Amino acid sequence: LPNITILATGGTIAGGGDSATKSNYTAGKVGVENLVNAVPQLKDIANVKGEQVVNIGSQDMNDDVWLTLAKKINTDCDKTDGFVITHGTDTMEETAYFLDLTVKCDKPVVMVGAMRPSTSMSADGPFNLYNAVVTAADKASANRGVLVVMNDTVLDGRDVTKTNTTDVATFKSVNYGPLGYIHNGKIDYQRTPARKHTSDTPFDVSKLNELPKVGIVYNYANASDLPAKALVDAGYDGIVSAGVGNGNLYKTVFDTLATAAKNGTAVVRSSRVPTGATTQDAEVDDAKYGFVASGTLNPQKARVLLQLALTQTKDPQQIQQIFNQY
């Protein structure tokens, strides 16, 4: 049986409430070996080893843990046959894309969480964690970039996103679809991500202890330019605009980010709209203002790429190319 290392970071998959019937719970309580012992059938499909990296609710995920996960996955890559990362659902779509771009290891990395706590009735963590190692063990899962496995479905780390606040079926690749479906511990893979990932990227965080500062501003009717200017005043390396519609900006935010871009801040236009690309050649003349168009990357995903792009260049057209390739 393959060697599968589990890397625990926290989440509701490791959370607990005082009742199987009530909704109140605290996140990231359960230790990693407790998670594994709850699913004794893991011994049938893999030889599992658990390591605790952190134990937090993923609403507190940060640059520090991202670097830690990437380096540990890269350096211990030949010690095991695959990795499963237990993680909170709240930001798992951010971590999954960050590792998608910084993991040089060639063996499958699968992220899992749970939408119901360990203690809840019909908790989903157990079958989720099982199906994650079924995926990390499958040699067919290799060469697909970093994966997210939830609700009997394998999802690529670029497009996967949390679509619903409470539903067990919340995670979807809302733009390009899942890579394959899990039935009875077997996977029928019919897709792979075309965008470049893992060792195919030039992002090397192995010597990095920081990440460039990138923030996100929201656009809406009558939006304040103060969030944008606060990030400008703090000397942020990049700002991601969660625009309206096809990446559009309220006029005052427009004015602020246009000025920051000419004075050196990298500005990426994404959108609050849950599906579809922020394109070029719509209402905003990106070439003129040195803006970068995020494509199908939502704001928090656009932040992941813009941070890593900023470790390579500060030229907007170089960054636009990175946003067209990864």
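Start at 1 with the first residue shown and count on from there.
- Between 123-131 and 199-207, it is 199-207 that carries the larger average Cα temperature factor according to the deposited entry.
- For the pair 311-319 and 15-23, the record assigns the higher mean C-alpha temperature factor to 15-23.
- In this entry, the residue among 293, 65, 257, 35 with the greatest C-alpha B factor is 35.
- Per the PDB entry, 41 shows the highest C-alpha temperature factor of the residues 58, 41, 298, 280.
- Residue 158 sits in the lowest third of its chain by CA B factor, as recorded in the PDB entry.
- In this PDB entry, the Cα temperature factor of residue 214 sits in the middle third of its chain's modelled residues.
- Ranked by Cα temperature factor within the chain, residue 82 sits in the highest third according to the deposited record.
- When the modelled residues of the chain are ordered by their C-alpha B factor, residue 188 lands in the highest third.
- For residue 107, the recorded CA B-factor ranks within the highest third of the chain. Only modelled residues enter the ranking.
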